[PDB]
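Protein chains in written order, with the entry's author numbering: chain A, 59 to 116; chain y, 74 to 145. The beta-carbon is built from N, C-alpha and C at its ideal position, and this holds for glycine as well. Report on the structure given below.
See below:
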């Protein structure tokens with residue numbers, strides 16, 4: 059004797075020892091990315107190629 | 074053979090329901106109700122083949138077989 063068994067209810071595990079099918083379908087995909095940058099360029103110049111006479115002391 | 078086409082016309086799949094009476098003893102007889110289950114036109118003069126009547130506990134308590142009486 060197996061006890062009350064339903065007639066229209068789906069066949070589910072109910073007690074200890076009942077078997078159940080597991081469809082293993084795992085798909086995990088995690089990602090991360092990052093970046094940082096900095097730049098700085100400078101040029102300076104001053105040339106008195108021909109100095110006038112009133113400014114040759116400076 | 075497993076691979077074959079059977080297209081019957083004189084056979085119907087039915088569900089049989091009955092009442093298990095109080096203090097029923099083996100060998101006694103009870104009335105049953107026969108109801109068609111799929112796309113059958115009629116059960117006018119059919120004969121119910123050997124059918125085991127299960128309980129809620131899925132145990133056979135009666136065996137059913139006879140001639141069906143349909144009003145007409």
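Looking at 71(A), 62(A), 116(A), the one whose alpha-carbon comes closest to that of residue 79(A) is 71(A). In this structure the region 114-131 of chain y touches the region 79-98 of chain y; the number of beta carbon pairs closer than 8 Å is three or more. Counting of Cβ neighbours within 10 angstroms places residue 135(y) among the buried residues, the total reaching 16 or more.
Around the beta carbon of residue 107(y), 16 or more other beta carbons sit within 10 angstroms, so the residue counts as buried.
With respect to chain A, the C-beta atom of residue 132(y) has a partner C-beta closer than 9 Å. Between residue 91(y) and residue 116(y), the C-beta spacing is not below 9 Å. Looking at the backbone, the Cα of residue 104(y) and that of residue 110(y) are separated by about 19 Å. In the DSSP assignment, residue 134(y) falls within the unbroken beta strand (DSSP E) covering 133-140. With a threshold of 9 Å between beta carbons, residue 129(y) makes contact with chain A.
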